[PDB]
Amino acid sequence: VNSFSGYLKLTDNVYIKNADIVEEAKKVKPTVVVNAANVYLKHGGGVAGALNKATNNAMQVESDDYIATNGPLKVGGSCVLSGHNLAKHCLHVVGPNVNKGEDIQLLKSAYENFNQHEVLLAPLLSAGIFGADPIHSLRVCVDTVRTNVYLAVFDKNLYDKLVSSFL
Ligand SMILES: CC(C)(O)[C@H]1[C@H]2CC[C@H]2CN1c1ncnc2[nH]ccc12
(Lines give C-alpha, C1' and ligand atoms only; values in the text may rest on other atoms or scores of the structure.)
Protein backbone atom coordinates (compact mmCIF):
# COMPACT_ATOMS: atom_id res chain seq x y z
CA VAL A 1 0.00 0.00 0.00
CA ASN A 2 1.24 3.48 -0.95
CA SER A 3 -0.19 6.98 -0.74
CA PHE A 4 -0.78 7.61 -4.46
CA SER A 5 -4.42 8.74 -4.43
CA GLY A 6 -6.86 8.53 -7.32
CA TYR A 7 -4.76 6.66 -9.89
CA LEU A 8 -6.30 4.52 -12.60
CA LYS A 9 -4.65 1.11 -12.87
CA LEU A 10 -3.57 0.48 -16.46
CA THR A 11 -1.60 -2.75 -15.92
CA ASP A 12 -0.09 -4.85 -13.16
CA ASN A 13 2.58 -2.16 -12.63
CA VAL A 14 1.48 1.06 -14.40
CA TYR A 15 -0.90 3.64 -12.91
CA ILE A 16 -2.06 6.98 -14.32
CA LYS A 17 -3.67 10.19 -13.07
CA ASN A 18 -4.59 13.59 -14.49
CA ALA A 19 -2.37 15.72 -12.27
CA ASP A 20 0.56 18.09 -12.20
CA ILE A 21 3.64 16.04 -11.32
CA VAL A 22 4.74 18.91 -9.06
CA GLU A 23 1.50 18.69 -7.08
CA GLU A 24 1.66 14.90 -6.86
CA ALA A 25 5.21 15.19 -5.53
CA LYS A 26 4.33 17.92 -3.03
CA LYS A 27 1.44 15.76 -1.78
CA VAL A 28 3.04 12.30 -1.79
CA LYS A 29 6.73 13.15 -1.23
CA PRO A 30 7.65 10.00 -3.20
CA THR A 31 10.98 8.26 -2.88
CA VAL A 32 11.59 9.09 -6.56
CA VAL A 33 10.20 11.76 -8.87
CA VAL A 34 11.33 11.50 -12.49
CA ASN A 35 12.39 14.61 -14.38
CA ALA A 36 12.13 14.77 -18.18
CA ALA A 37 15.68 16.06 -18.50
CA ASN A 38 17.98 17.03 -21.34
CA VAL A 39 21.64 16.02 -21.59
CA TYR A 40 22.81 19.37 -20.15
CA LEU A 41 20.38 19.29 -17.20
CA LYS A 42 19.17 22.75 -18.29
CA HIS A 43 15.70 22.79 -16.72
CA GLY A 44 14.12 25.44 -18.92
CA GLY A 45 10.50 24.46 -19.50
CA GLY A 46 7.93 21.71 -19.44
CA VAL A 47 8.24 19.23 -16.60
CA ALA A 48 11.84 20.18 -15.84
CA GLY A 49 11.13 23.91 -15.66
CA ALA A 50 8.11 23.24 -13.45
CA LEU A 51 10.05 20.94 -11.12
CA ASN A 52 12.98 23.35 -10.99
CA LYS A 53 10.76 26.39 -10.39
CA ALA A 54 9.07 24.50 -7.55
CA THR A 55 12.51 24.00 -5.91
CA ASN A 56 13.22 27.75 -6.14
CA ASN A 57 16.08 26.96 -8.60
CA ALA A 58 17.88 24.64 -6.15
CA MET A 59 17.52 21.80 -8.66
CA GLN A 60 19.33 23.89 -11.29
CA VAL A 61 22.14 24.87 -8.89
CA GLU A 62 22.70 21.22 -7.95
CA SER A 63 22.51 20.19 -11.61
CA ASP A 64 25.10 22.75 -12.71
CA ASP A 65 27.56 21.29 -10.23
CA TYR A 66 26.75 17.78 -11.51
CA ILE A 67 27.52 18.78 -15.11
CA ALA A 68 30.68 20.67 -14.16
CA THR A 69 32.00 17.49 -12.55
CA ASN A 70 30.64 14.77 -14.84
CA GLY A 71 29.76 16.31 -18.21
CA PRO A 72 26.52 15.78 -20.11
CA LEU A 73 24.31 12.75 -19.71
CA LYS A 74 23.75 10.38 -22.61
CA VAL A 75 20.46 10.44 -24.48
CA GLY A 76 18.69 7.46 -22.94
CA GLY A 77 20.66 7.86 -19.70
CA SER A 78 19.94 9.18 -16.23
CA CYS A 79 21.36 10.34 -12.95
CA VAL A 80 20.01 10.38 -9.40
CA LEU A 81 20.09 13.76 -7.65
CA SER A 82 18.23 15.29 -4.72
CA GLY A 83 14.47 15.59 -4.80
CA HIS A 84 14.73 18.84 -2.79
CA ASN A 85 11.32 19.76 -1.30
CA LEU A 86 9.45 17.50 -3.74
CA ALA A 87 10.75 13.95 -3.18
CA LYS A 88 13.66 12.12 -1.60
CA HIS A 89 15.39 11.72 -4.97
CA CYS A 90 14.94 13.05 -8.47
CA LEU A 91 15.80 10.61 -11.27
CA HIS A 92 16.75 12.85 -14.20
CA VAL A 93 16.05 10.79 -17.34
CA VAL A 94 16.90 11.91 -20.88
CA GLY A 95 14.46 10.74 -23.51
CA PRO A 96 15.27 11.37 -27.18
CA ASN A 97 14.21 14.74 -28.56
CA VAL A 98 12.36 14.17 -31.83
CA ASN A 99 12.77 17.81 -32.88
CA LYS A 100 16.55 17.38 -32.55
CA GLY A 101 16.25 14.29 -34.77
CA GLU A 102 17.24 11.94 -31.96
CA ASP A 103 16.45 8.24 -32.38
CA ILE A 104 13.03 7.47 -30.89
CA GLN A 105 14.30 3.93 -30.27
CA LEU A 106 16.33 5.47 -27.44
CA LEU A 107 13.00 5.93 -25.66
CA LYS A 108 13.12 2.30 -24.53
CA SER A 109 16.62 2.78 -23.11
CA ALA A 110 15.36 5.88 -21.28
CA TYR A 111 12.49 3.96 -19.65
CA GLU A 112 14.85 1.14 -18.61
CA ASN A 113 16.29 3.54 -16.02
CA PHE A 114 12.98 3.32 -14.14
CA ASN A 115 13.62 -0.38 -13.40
CA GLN A 116 16.34 0.59 -10.91
CA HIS A 117 13.64 2.01 -8.58
CA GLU A 118 10.82 0.03 -6.99
CA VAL A 119 8.27 2.89 -7.14
CA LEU A 120 8.35 6.16 -9.11
CA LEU A 121 6.22 9.21 -9.82
CA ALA A 122 6.95 10.05 -13.43
CA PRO A 123 5.90 11.93 -16.56
CA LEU A 124 5.68 10.37 -19.98
CA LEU A 125 9.13 10.64 -21.56
CA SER A 126 9.85 12.31 -24.91
CA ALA A 127 6.41 13.99 -24.87
CA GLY A 128 5.92 17.75 -24.87
CA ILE A 129 8.74 19.77 -26.40
CA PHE A 130 10.72 16.57 -26.94
CA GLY A 131 8.43 16.00 -29.92
CA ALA A 132 7.28 12.39 -29.56
CA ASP A 133 3.69 11.15 -29.45
CA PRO A 134 2.51 10.59 -25.84
CA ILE A 135 0.41 7.56 -26.84
CA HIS A 136 3.62 5.89 -28.07
CA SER A 137 5.48 6.98 -24.93
CA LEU A 138 2.83 5.27 -22.80
CA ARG A 139 3.14 2.09 -24.88
CA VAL A 140 6.93 1.93 -24.52
CA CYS A 141 6.55 2.64 -20.80
CA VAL A 142 4.13 -0.25 -20.29
CA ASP A 143 6.32 -2.61 -22.35
CA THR A 144 9.60 -1.61 -20.65
CA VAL A 145 9.02 -0.61 -17.02
CA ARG A 146 8.51 -3.52 -14.64
CA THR A 147 8.63 -1.57 -11.38
CA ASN A 148 5.65 0.40 -10.07
CA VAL A 149 5.20 3.63 -12.00
CA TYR A 150 2.64 6.37 -11.33
CA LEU A 151 2.25 8.63 -14.34
CA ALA A 152 1.08 12.20 -13.79
CA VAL A 153 -0.34 13.62 -17.04
CA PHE A 154 -1.07 17.35 -16.75
CA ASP A 155 -3.54 17.53 -19.62
CA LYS A 156 -7.08 16.23 -19.10
CA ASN A 157 -7.75 15.89 -22.84
CA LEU A 158 -4.52 13.92 -23.21
CA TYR A 159 -5.22 11.91 -20.05
CA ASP A 160 -8.65 10.91 -21.37
CA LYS A 161 -7.23 10.13 -24.82
CA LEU A 162 -4.35 7.96 -23.57
CA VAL A 163 -6.91 5.69 -21.91
CA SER A 164 -9.21 5.49 -24.93
CA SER A 165 -6.56 4.22 -27.39
CA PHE A 166 -4.48 2.03 -25.06
CA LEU A 167 -3.96 -1.47 -26.44
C1 LIG B 1 1.14 17.00 -20.31
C2 LIG B 1 2.41 16.13 -20.17
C3 LIG B 1 2.51 15.21 -21.40
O4 LIG B 1 2.15 15.29 -19.06
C5 LIG B 1 3.66 17.05 -20.03
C6 LIG B 1 4.25 17.65 -21.31
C7 LIG B 1 3.46 18.49 -22.33
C8 LIG B 1 4.38 19.67 -22.06
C9 LIG B 1 5.00 18.90 -20.89
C10 LIG B 1 4.60 19.18 -19.45
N11 LIG B 1 3.69 18.11 -19.02
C12 LIG B 1 3.52 17.95 -17.63
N13 LIG B 1 3.17 16.73 -17.16
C14 LIG B 1 3.00 16.55 -15.85
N15 LIG B 1 3.13 17.44 -14.88
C16 LIG B 1 3.49 18.67 -15.34
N17 LIG B 1 3.70 19.79 -14.58
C18 LIG B 1 4.05 20.85 -15.39
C19 LIG B 1 4.06 20.42 -16.69
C20 LIG B 1 3.71 19.02 -16.69
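Residues numbered from 1 in each chain as written, not as in the entry; some residues may be left out. Heavy atoms only, no water.

Per the PDB record, the structure was determined using X-ray crystallography to 0.9900 Å resolution.

The chain is annotated in the PDB entry as Non-structural protein 3 from Severe acute respiratory syndrome coronavirus 2. Per the header of the deposited record, the title is "PanDDA analysis group deposition -- Crystal structure of SARS-CoV-2 NSP3 macrodomain in complex with AVI-0004128".

Draft legend 1. Representation of unusual backbone geometry in the model. For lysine 29, which is not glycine, the phi dihedral falls at a positive 50 degrees. Relative to the elements of secondary structure, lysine 29 occurs in the loop between α1 (21-28) and β3 (32-37). Look at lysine 29 and you get exposed, because its relative accessible area is 54%. Phi at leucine 41 takes a positive value of approximately 45 degrees, unusual for a residue other than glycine. Looking at where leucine 41 falls in the secondary structure, it is placed in the loop between β3 and α2 (46-54). (Helix = DSSP H or I, 4+ residues; strand = E, 2+ residues; numbered from the N terminus. Buried < 20%, exposed > 50% of the residue type's maximum accessible area, 1.4 Å probe, protein only.)

Draft legend 2. Representation of the site of the ligand within the structure. Taken together, the neighbourhood of the ligand is formed by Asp20, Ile21, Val47, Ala50, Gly128, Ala152, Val153, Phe154, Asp155 and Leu158. Between the ligand and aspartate 20, the relevant distance is 2.6 Å, taken from a nitrogen atom to a side-chain nitrogen or oxygen of the residue. Contacts to the ligand include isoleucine 21, whose backbone N or O atom sits 3.0 Å from a nitrogen atom. Protein burial of the ligand: of its 430 Å² of free accessible surface, 79% is covered by the chains. The class makeup of the residues in the shell around the ligand is seven nonpolar, one polar and two charged. (Near = heavy atom within 4 Å. Polar contact = N/O pair within 3.5 Å; in protein donor to acceptor, adjacent residues only side chain to side chain. Areas by Shrake-Rupley, 256 points an atom, 1.4 Å probe, with all protein chains shown as cover. Nonpolar A, V, L, I, M, F, W, Y, C, P; charged D, E, K, R; others polar.)

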